[PDB]
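K.L.:
Quick one: the structure is below, and I'll ask about it shortly.
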Amino acid sequence: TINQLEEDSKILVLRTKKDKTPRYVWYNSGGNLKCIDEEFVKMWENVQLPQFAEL
Amino acid sequence: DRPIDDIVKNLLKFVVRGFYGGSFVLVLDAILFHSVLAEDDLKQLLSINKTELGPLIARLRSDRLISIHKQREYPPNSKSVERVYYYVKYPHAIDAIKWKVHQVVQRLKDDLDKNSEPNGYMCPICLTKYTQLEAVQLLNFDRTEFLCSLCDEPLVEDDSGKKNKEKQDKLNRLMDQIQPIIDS
Amino acid sequence: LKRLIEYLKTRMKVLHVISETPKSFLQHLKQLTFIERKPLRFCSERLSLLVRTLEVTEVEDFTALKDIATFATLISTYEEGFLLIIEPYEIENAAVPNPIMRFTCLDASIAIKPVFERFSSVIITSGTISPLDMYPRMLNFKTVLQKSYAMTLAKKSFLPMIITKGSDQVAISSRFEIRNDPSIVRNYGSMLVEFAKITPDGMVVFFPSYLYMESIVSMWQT
Amino acid sequence: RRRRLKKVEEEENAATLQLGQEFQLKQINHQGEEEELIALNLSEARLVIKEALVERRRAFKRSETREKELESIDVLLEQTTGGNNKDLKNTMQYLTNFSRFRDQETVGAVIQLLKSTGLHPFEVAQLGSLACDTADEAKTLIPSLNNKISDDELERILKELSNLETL
Amino acid sequence: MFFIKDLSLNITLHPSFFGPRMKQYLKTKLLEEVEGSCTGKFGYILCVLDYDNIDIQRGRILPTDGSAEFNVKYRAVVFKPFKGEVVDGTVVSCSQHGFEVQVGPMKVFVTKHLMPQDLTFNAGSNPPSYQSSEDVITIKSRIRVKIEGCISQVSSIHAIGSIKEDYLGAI
Amino acid sequence: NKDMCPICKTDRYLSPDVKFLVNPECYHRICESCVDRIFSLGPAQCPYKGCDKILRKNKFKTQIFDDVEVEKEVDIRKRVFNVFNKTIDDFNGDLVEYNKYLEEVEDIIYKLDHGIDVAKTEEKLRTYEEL
Ligand SMILES: [Zn+2]
Ligand SMILES: [Zn+2]
Ligand SMILES: [Zn+2]
Numbered sequence: 220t221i222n223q224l225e226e227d228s229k230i231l232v233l234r235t236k237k238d239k240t241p242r243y244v245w246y247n248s249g250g251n252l253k254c255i256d257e258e259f260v261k262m263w264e265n266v267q268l269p270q271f272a273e274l
Numbered sequence: 002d003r004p005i006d007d008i009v010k011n012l013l014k015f016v017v018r019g020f021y022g023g024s025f026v027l028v029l030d031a032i033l034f035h036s037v038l039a040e041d042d043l044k045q046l047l048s049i050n051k052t053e054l055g056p057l058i059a060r061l062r063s064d065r066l067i068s069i070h071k072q073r074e075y076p077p078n079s080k081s082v083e084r085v086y087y088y089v090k091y092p093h094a095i096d097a098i099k100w101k102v103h104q105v106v107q108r109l110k111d112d113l114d115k116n117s118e119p120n121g122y123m124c125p126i127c128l129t130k131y132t133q134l135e136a137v138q139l140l141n142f143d144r145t146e147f148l149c150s151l152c153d154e155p156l157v158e159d160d161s162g163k164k165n166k167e168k169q170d171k172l173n174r175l176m177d178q179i180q181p182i183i184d185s
Numbered sequence: 335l336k337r338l339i340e341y342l343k344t345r346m347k348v349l350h351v352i353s354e355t356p357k358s359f360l361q362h363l364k365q366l367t368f369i370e371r372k373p374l375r376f377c378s379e380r381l382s383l384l385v386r387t388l389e390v391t392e393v394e395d396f397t398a399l400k401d402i403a404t405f406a407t408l409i410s411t412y413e414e415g416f417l418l419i420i421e422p423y424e425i426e427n428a429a430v431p432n433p434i435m436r437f438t439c440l441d442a443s444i445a446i447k448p449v450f451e452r453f454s455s456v457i458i459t460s461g462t463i464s465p466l467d468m469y470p471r472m473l474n475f476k477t478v479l480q481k482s483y484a485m486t487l488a489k490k491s492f493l494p495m496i497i498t499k500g501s502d503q504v505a506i507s508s509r510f511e512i513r514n515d516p517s518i519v520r521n522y523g524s525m526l527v528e529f530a531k532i533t534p535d536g537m538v539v540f541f542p543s544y545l546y547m548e549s550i551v552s553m554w555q556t
Numbered sequence: 011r012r013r014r015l016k017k018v019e020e021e022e023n024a025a026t027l028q029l030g031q032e033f034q035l036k037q038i039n040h041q042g043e044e045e046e047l048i049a050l051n052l053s054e055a056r057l058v059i060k061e062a063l064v065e066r067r068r069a070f071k072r073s117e118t119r120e121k122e123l124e125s126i127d128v129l130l131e132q133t134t135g136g137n138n139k140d141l142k143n144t145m146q147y148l149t150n151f152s153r154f155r156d157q158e159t160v161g162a163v164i165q166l167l168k169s170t171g172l173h174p175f176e177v178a179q180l181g182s183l184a185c186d187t188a189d190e191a192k193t194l195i196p197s198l199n200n201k202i203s204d205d206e207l208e209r210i211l212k213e214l215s216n217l218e219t220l
Numbered sequence: 001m002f003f004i005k006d007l008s009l010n011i012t013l014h015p016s017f018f019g020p021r022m023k024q025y026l027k028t029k030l031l032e033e034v035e036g037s038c039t040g041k042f043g044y045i046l047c048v049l050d051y052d053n054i055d056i057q058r059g060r061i062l063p064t065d066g067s068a069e070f071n072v073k074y075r076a077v078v079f080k081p082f083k084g085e086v087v088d089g090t091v092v093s094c095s096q097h098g099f100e101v102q103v104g105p106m107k108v109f110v111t112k113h114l115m116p117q118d119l120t121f122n123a124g125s126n127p128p129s130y131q132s133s134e135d136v137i138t139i140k141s142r143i144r145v146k147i148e149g150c151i152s153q154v155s156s157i158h159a160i161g162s163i164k165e166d167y168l169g170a171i
Numbered sequence: 009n010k011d012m013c014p015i016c017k018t019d020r021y022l023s024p025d026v027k028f029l030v031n032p033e034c035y036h037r038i039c040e041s042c043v044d045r046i047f048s049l050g051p052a053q054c055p056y057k058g059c060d061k062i063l064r065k066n067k068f069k070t071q072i073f074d075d076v077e078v079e080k081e082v083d084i085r086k087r088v089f090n091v092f093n094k095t096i097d098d099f100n101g102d103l104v105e106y107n108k109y110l111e112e113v114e115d116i117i118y119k120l121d122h123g124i125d126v127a128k129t130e131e132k133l134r135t136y137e138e139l
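Shown next as structure tokens:
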């Protein structure tokens, strides 16, 4: 039930790196979790900050 | 509460759900729920190891979705440590979101423009590229094939221009996905 | 009509004040839209005929078309004594700009000239028309006699008084930029209080503008 | 003289009239004074090169149809100059093929007709070189001519260039 | 395009040519080192103008080589291509990568990506050519082409052509 | 959309460099960056889906009016009135004949706008501008 709630994006849960075992569930106050594709995620990852006070 | 606070909370939630993993979502949602949150507070709520929150907090600070305070107090047992507080700076965070998505759009335009100049060629033996401008310095005496300057091998065709429509489609799929971000 | 309205929409997207003649407006409209003055002069009549034989039940959508036809006929048949003012800001207090287009009649004698051409005997009359020689110049008409009567009274029935300062000799004025001056507002309030105490039945207080009255009454209540 | 690196500059493009810092409109000659940049059309270049070759043949001695023109300039070339004349032979052949005007009076008429316009030397040499027909074709062949010459003036000057075209 | 420019060259004379006709030897080495020589700074230099009066000043002896260095200033006709410039020419070679057009002393290679899509290679023809629905481009064919790219080395210049714009192509 | 360029998918908000470039043959909300990316190398077909008209780079211009139909109507009106410029002086004061000429001009402008008789009206326009 936690699983289909997770792909329904109704709850938030973290899983272990060895296996996808739910241990602690929260409420998804935001929207759906898979809106942004993974290559856009890395494409977002590709950029960085020069400094602080200019912006 | 305040409607602009609701909008910036949903914007931070959307960007952490989109460009970041589930543990990042949990940490930033905890920051948005409890306004300030120390390291033991994140540990108590999320059951997350110090080494596990390491990359999470490092990424969130390097993107300025959360910021840190280095205040130490004086507890009655006098076992004081320089604890750290994690909270959110709303204007710096939203300005970081604008700058990141804006310049991401900018060099996506740069990448599709670089695709939009014609493809040129590349030598499979030496794994070096040679555009059309300098391939004509490397054409043969038979005036048929471009020969490599080092390998002396006929140049093969690249694919910078066959994927221009694919890059345009990827740009479109980025934009319709980030429409809530621009509306916020 | 649609291309005229679109030309008006293009004309209102100007970030500064335009003060232009109807002849210049017609020349610009002709060079950018190919609309002449003569088809514009029949615009209201043509719209009325078209609406009549369309026999429409609802005209709430066509009220703005009446506005456009009225504007077109006015700015087409009138070129001297009129002026078009395009303002990027209708009000300066608003955050978002709201453009406005005003076709204004600068000559008050234009609307009254056919009256004096038609009627032989006109008696311009007012209780408080002064100065009398201003009006035969300001409106182009000739007057056979202009006079103001002095009322004969056994006792002086009315007391006109000009108060230039408060009770404590602080000067009083109603110019719009110092309307928030506490001394002047307090002096006006004290004046109104004393006059309300010593006036038996009624008392009418006239203010230079509604915004001035709103501000000074609100801070009087404060 | 300043010693800045000044490595940033715009790419040399014919449409923007950027021909490089040493193909500017003013050129300091060997006598020291400034002079307008001498830009030649194809027929003008052919006549200047032929005049130089016959003057050099005169100096060496003292010290028309396409078929006869090609052999005459070939004998002139081999009589005048010595080695490494592949490039010069190709220029001579190219100019005698694509030479719009034959003689000095017609070509000088082209220079004075284009100097009546008061236009850029690159642009007038392009007009004298390209065998254009219409004004819009001239504008799309030379993007440098945009917002420079009116359409009626362009079409008439190309009309008498078409009239001056011979053989 | 063809230009006329003031040019200066440092030329080296071997000591064997230190005779009474050293100026004549200087002018002849100016000829067979400048005429037809390609430089990327000043374009293809074709012919030397004003041969009767060529500016030759005093020539410095090199302190180790022993040869004389003359800074000769002269007038010459040059040919420098530029990006975005329309020139006419004739095709001299064809291939599946493209075809070269001969303008002046320079071969401009037009790639196969820079023709209209109706125009296709035909290697079965002798010579191999490019054929379309309305025209054919072969060897020794008059053709108008726009140069949209130029590379210039110290001693070589190569250009890229395209005929995808309207009112270009064969004449 | 009236705010963003659908071809390059850029909002006016984050990218203020987009402009209201259209073409007389097909009126498309397309930006200057898209125009310079596509049509600078050569003429091409309309990048918006469902349209494949050939069009040139030098024919692009900015749209004056907000309505596409009004913009194309005034452009067609210009393309008619450039060769049709008879006035009351050309008709020698014949007011009814001048009115009938204005009727014919508005008829052919409406026909070119709606494409109902585009071939015959184009033929008539050509054989009347040849004189
Ligand atoms: Zn290689
Ligand atoms: Zn665009
Ligand atoms: Zn289209």
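Residue numbers (the authors' numbering), protein chains in the order written: chain X, 220 to 274; chain W, 2 to 185; chain 0, 335 to 556; chain D, 11 to 73, 117 to 220; chain G, 1 to 171; chain 3, 9 to 139.
A virtual CB, placed ideally from N, CA and C, is assigned to each residue, including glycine.
Looking at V72 (chain G): is its Cβ nearer than 7 Å to the Cβ of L30 (chain G)?
P.N.:
The answer is yes: Cβ separation under 7 Å.
K.L.:
What does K101 (chain W) touch in chain X if you count any residue whose Cβ is under 9 Å from its own?
P.N.:
Under the 9 Å cutoff, chain X gives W263, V266 and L268.
K.L.:
Buried or exposed for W554 (chain 0), going by 16 or more other Cβ atoms inside 10 Å?
P.N.:
Classification for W554 (chain 0): exposed.
K.L.:
Are at least three pairs of beta-carbons, each pair with one atom in the stretch 73 to 83 of chain G and one in the stretch 146 to 154 of chain G, less than 8 Å apart?
P.N.:
With the cut-off at 8 Å, the stretch 73 to 83 of chain G and the stretch 146 to 154 of chain G touch.
K.L.:
Inspect the CB distances between the stretch 109 to 125 of chain 3 and the stretch 80 to 97 of chain 3 and report whether three or more fall short of 8 Å.
P.N.:
Flag = yes, the stretch 109 to 125 of chain 3 and the stretch 80 to 97 of chain 3 touch.
K.L.:
Given that a residue counts as buried once 16 or more other Cβ atoms are within 10 Å of its Cβ, and exposed if not, what is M12 (chain 3)?
P.N.:
The residue is buried, with at least 16 neighbouring Cβ atoms inside 10 Å.
K.L.:
Does ligand 3 have even one heavy atom less than 6 Å from the beta-carbon of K61 (chain 3)?
P.N.:
Because some heavy atom of ligand 3 lies under 6 Å away, the Cβ of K61 (chain 3) counts as near it: yes.
K.L.:
Identify the continuous alpha helix (DSSP H) that holds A272 (chain X) and give its terminal residues.
P.N.:
Counting along the chain, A272 (chain X) falls outside any alpha helix (DSSP H), and DSSP gives it neither H nor E.
K.L.:
Where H122 (chain 3) and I339 (chain 0) are concerned, what is the direct C-alpha to C-alpha distance, given to the nearest angstrom?
P.N.:
Rounded to whole angstroms, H122 (chain 3) to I339 (chain 0) spans 20 Å at the Cα level.
K.L.:
Could you please give the first and the last residue of the uninterrupted alpha helix (DSSP H) stretch that includes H70 (chain W)?
P.N.:
Per DSSP, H70 (chain W) belongs to no alpha helix (DSSP H); it is in the beta strand (DSSP E), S68 to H70.
K.L.:
Would you say the beta carbon of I117 (chain 3) comes nearer than 6 Å to a heavy atom of ligand 2?
P.N.:
False, no ligand heavy atom lies under 6 Å from that Cβ.
K.L.:
List the residues of chain W that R45 (chain 3) touches, going by C-beta distances under 7 Å, in chain order.
P.N.:
Those within 7 Å of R45 (chain 3) in chain W are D114 and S117.
K.L.:
Does the beta-carbon of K23 (chain G) have 16 or more other beta-carbons within 10 angstroms, so that it is buried, or is it exposed?
P.N.:
It is exposed - the Cβ of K23 (chain G) has fewer than 16 other Cβ atoms within 10 Å.
K.L.:
So residue 172 (chain G) is in the beta strand (DSSP E); what residue range does that whole segment cover?
P.N.:
Residue 172 (chain G) lies beyond the stretch modelled for chain G, which goes from 1 to 171, so this question has no answer here.
K.L.:
Counting only the same chain and skipping the five closest in sequence on each side, list residues whose C-beta sits under 8 Å from that of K61 (chain 3).
P.N.:
These residues qualify, in order along the chain: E33, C34, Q53 and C54.
K.L.:
Does any C-beta atom of chain 3 lie closer than 7 Å to the C-beta of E85 (chain G)?
P.N.:
Not an interface residue.
K.L.:
Could you tell me whether any non-hydrogen atom of ligand 2 is closer than 6 Å to the CB of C39 (chain 3)?
P.N.:
Yes, ligand 2 has a heavy atom inside 6 Å of this Cβ.
K.L.:
Where does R153 (chain D) fall in DSSP's three states?
P.N.:
Here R153 (chain D) sits in coil by DSSP.
K.L.:
I want to verify the contact list: residues of chain D whose CB lies under 8 Å from the CB of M1 (chain G), in sequence order.
P.N.:
Those within 8 Å of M1 (chain G) in chain D are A49, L50, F175, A178, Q179 and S182.
K.L.:
Following a CB-centred definition, is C47 (chain G) positioned closer than 6 Å to any heavy atom of ligand 3?
P.N.:
Incorrect: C47 (chain G) has no Cβ contact closer than 6 Å to ligand 3.
K.L.:
Spell out the partners DSSP gives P155 (chain W) in its beta bridges.
P.N.:
Per DSSP, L148 (chain W).
K.L.:
Contact check, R513 (chain 0) vs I550 (chain 0) under 8 Å by CB: the rounded distance?
P.N.:
About 7 Å; that satisfies the 8 Å criterion.
K.L.:
Given a cut-off of 7 Å on the beta-carbon distance, is the pair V37 (chain W) and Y91 (chain W) in contact?
P.N.:
No, these two residues do not count as a Cβ contact at 7 Å.
K.L.:
Given a cut-off of 7 Å, decide if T133 (chain D) and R66 (chain D) are closer than it, judged by their beta-carbon atoms.
P.N.:
Result yes, Cβ atoms of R66 (chain D) and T133 (chain D) sit closer than 7 Å.
K.L.:
Is the CB of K17 (chain 3) under 7 Å away from at least one CB in chain W?
P.N.:
Chain W contact via Cβ: present.
K.L.:
Between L151 (chain W) and ligand 1, is the CB less than 6 Å from at least one heavy atom?
P.N.:
Yes, the beta carbon of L151 (chain W) sits closer than 6 Å to at least one heavy atom of ligand 1.
K.L.:
Nearest chain W C-beta to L22 (chain 3) closer than 7 Å, yes or no?
P.N.:
Yes, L22 (chain 3) counts as interfacial toward chain W.
K.L.:
Are any of the Cβ atoms in chain 0 nearer than 7 Å to that of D75 (chain 3)?
P.N.:
Taking Cβ atoms only, chain 0 reaches closer than 7 Å to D75 (chain 3), which makes this a yes.
K.L.:
Does the beta-carbon of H97 (chain G) have 16 or more other beta-carbons within 10 angstroms, so that it is buried, or is it exposed?
P.N.:
So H97 (chain G) counts as buried.
K.L.:
For my contact list, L268 (chain X) and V26 (chain W) are in at a C-beta cut-off of 8 Å; report their separation, rounded to the angstrom.
P.N.:
At roughly 22 Å, the Cβ-Cβ gap does not stay under 8 Å, so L268 (chain X) and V26 (chain W) are not in contact.
K.L.:
Using the three-state DSSP reduction, which class does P356 (chain 0) fall into: helix, strand or coil?
P.N.:
Of the three classes helix, strand and coil, the one that applies to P356 (chain 0) here is helix, per DSSP.
K.L.:
I need the straight-line Cα distance from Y412 (chain 0) to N93 (chain 3), nearest angstrom please.
P.N.:
Roughly 26 Å between the two C-alpha positions.
K.L.:
Can you give the beta carbon distance from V137 (chain W) to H158 (chain G), rounded, assuming they're within the 8 Å contact cut?
P.N.:
Sure, about 5 Å apart at Cβ, within 8 Å.
K.L.:
Using a Cβ cut-off of 7 Å (strictly closer), state whether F82 (chain G) contacts chain D.
P.N.:
Yes, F82 (chain G) lies at the interface with chain D (some Cβ there is under 7 Å from its Cβ).
K.L.:
In the DSSP assignment, find the unbroken alpha helix (DSSP H) run with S410 (chain 0) in it and report its ends.
P.N.:
From DSSP, the alpha helix (DSSP H) with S410 (chain 0) extends over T397 to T411.
K.L.:
Any residues in the stretch 61 to 78 of chain G with a beta carbon nearer than 7 Å to a beta carbon of chain D? Which ones, in chain order?
P.N.:
Listed in sequence order: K73 and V77.
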